Structure formats: C-alpha cells, structure tokens
C-alpha cells in the first residue's frame, strides 16, 4: 500500500538532465487537443498519473488519443462535440484535471460524474461549482461540495462575468472552459495574476479570447463562446515545479553542479527561483529562448550558501506549489525565512502547511506554523537535522511532501525517511532515476 523511502547525505550532485514535461500544460494539451477540431500533436508531454487520468477522461468523451514514437496524437471532437461519458470520470489525485473538466463538461446537456482518490475526495470543489451553478449547471455533491460530484448542464448555458475570489488559475480556467460551450461572452476577472496556460493555449487553438490588464494588475479575460477550436502542434516545456527538486538539491548539497534543460520560465511559475536568488542562490539562466510558444531556458545550479528572507504574500501565486521545497531550503539557510499568504496550501493534495511544519519538526528544524504562514530558522551545516531513529515523514498522499523531504535527507546529518513514495508518480515518475543519476542516495524501502 505505502512504500517508504529514505534519503541519505550525499556527495556533490553532478550532471545535466532534461526535466519532465510541465504538468499544467500537459493536462491542457490533452483537454484542448481532445476538444478541438482535427489533429493535435504533442511532444514533451508529462506521463505522470495525473495527466494520464485527464487523457482517459477525454477518451471517455470521444477523443481519440494515441502515442506514436515520442509524440502524442489526438483526434479531437470539435468544440461542442463532447460525448456523454458512460461511467464516472476518475481523476485519481488530479485536482487540475478534475476542476478544469468540471467546467468543460458541466455545461453540456448530459450527466457527468467525477470521482477521485482519498486525497482528492477531501478537497474543496465549491470554488468551481459556484460559478457553474451561476451558468445554469445543476450540481449534486457530497457535503462541503466534495467528490463524488454529478453535474447536469442546461440546454443553453448562461454566460457570466466572474471575479475569482482567491488566486486560483483552476477556477479561472474552469469558468473559461465552461464558456467554450456557452453562447455569448464569458468574462473572468482575476484580481491577482495566476498561471496563464489556459489563456495562452486557447488563443493558440484559435479561440476569440482576449486579456486586458489594468495598470493596477487586475486582469479582465473575455472569451466568445461556441467558437471553433483548431488542432495544434504543441511542444511542452519542462516543468519548473519538478525542476525545483534537483535545483534545490544542487544548491544545498556541497560540491554540486547540476544543469536542468528546457525549463519553463513563464513568470507566473518562477517565484521560487526569484526567492532563492534573493537568498543567495547561484542559478544561471542559460540560452533563454522561445519554444512551443513559451519562454524556456536551461538552468545551471551550483552549491550555495543561503540566507533567510521575507517571502511576501503577493508572490505566492507564482510559486504556490514550491513552498514545500522552499521550506526545506530555508531549513539550511542562515537566519529566519518568513512566508505568509499561505491559506491555499491547506487545501492541496495534503494540507501542505501542516505537513511541511510537521515534517520539518520531525527532522529537527526550528519552525513556527501559523494559520496562514510559516517561519523557518535554518542550520546551514545540517547538524542535528534529519531523524536518526528513522521515523518517517507523513506524506498524506502528497507527491511534493514526499519529494521535498527526500531532498532534505541528501543534506541533513541524519537520514530523512518518508512514509510513502508511491504518489511521486502523479507528477514526476522519473524522480528516483533522475536524482540517482545525479548522485543522490535515495533508497526505496
């Protein structure tokens, strides 16, 4: 059921590796390719479990998906062409696929049921189900608006103007996707910018979607519904969230020099790099270029001495999935690192604020967990950190809790053990091999 793993202090990590594909863009490649008219060809797709589940949900609604050589080829159904699924759409651990698909298919005049694993089933769906109710979708959900959920769209959906209450790219995305099958103009107002893969990719697929940004930063995103979408050639860039693991490991493990190739550098995804640089990290951005319509670069990372910094609440959306690994980096930095505006961490695969704080404490780190913040004081030499008794960090079915603590064990005086490595494959099945190839000592027990 669970498969624990232990990370041990390592000698300098060294090498050059291509990081797996971006999870957010990969989910959307399967969704948009499956919906569009004609053929979509995708290279660099992330083949982690989350993405595969989204692909299976699209196949259940009529898309034909296959892998030829290293390219995934999709024959889409055309906008408005999704077919009623025979059985529930099983998203496993994937909130991105689940929430975006609820918007995509909830507005269709047939029933669709959504289910998932023990982790996804505890997470909030109200943030997307509320706007969908406004568009005319009938919702049946478990108390607290949790899965399983069954949606039934109206014959004619109602377009809406929706101001997203929290900094969620998924809510913005679900409303836009619902708008694709809704007559009229659907508008999403985003007060604080979140990753913009939906907007960029839908424009690439031919959607009449515009983004207007006020000087104060508020984004008004307009989409004309029931328009044609045309299949595209997609080149998926490397995942900057997956990149964070070998990158932080190379900063922390003495004697390290690691280069990660083809990393997505869209600024809505690089808050951690900015933060680590402020902490004194040696991260070189090499050959910045345009690939697949996105900014990418190679990153050369060398061992660095880090100092604690203040990470403001407004930077959170650009690095929300990187707080676990940032907290591990802070555990080896000089002084205190303070991070606020972390409420969203409590509703991820695990309540990440709680899981990170507990994991850090179990491994001897001085930290203070607030309702929406975390303060970490580091021990640069790693002495006294880790857990000599071999006690395991509770991962709570969260791939990043498992990976962040395995990175910690490559630096701490005592080994770090995580209770389960099974969920790492949801976003980074290549993790163990990749890290081992760089010299990391991690053993699956």
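Positions refer to the first chain, counted from 1.
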Discussion item. If you average the CA temperature factors as listed in the entry, which stretch comes out higher, 50-58 or 380-388?
Written reply: 380-388
Worksheet item: What stretch has the higher average Cα B-factor here, 176-184 or 290-298?
Response: 290-298
Item to complete: Specify which of 203, 130, 268, 242 carries the largest Cα B factor in the deposited PDB entry.
Response: 203
Worksheet item: Say you rank 196, 75, 344, 90 by Cα B-factor from the PDB entry; which sits at the top?
Response: 75
Item to complete: Pull the Cα B-factor of residue 332 out of the PDB entry and bin it into the chain's lowest, middle or highest third.
Response: middle
Worksheet, complete the sentence: Temperature factor at the Cα of residue 254, chain-ranked in thirds, falls in the highest
Discussion item. Please place residue 411 in the lowest, middle or highest third of its chain according to the CA B-factor in the PDB entry.
Written reply: highest
Fill in: Ranked against its chain, the third holding the CA B-factor of residue 155
highest
Discussion item. Based on the deposited C-alpha B factors for this chain, I'd like to know if residue 322 is in the lowest, middle or highest third.
Written reply: lowest
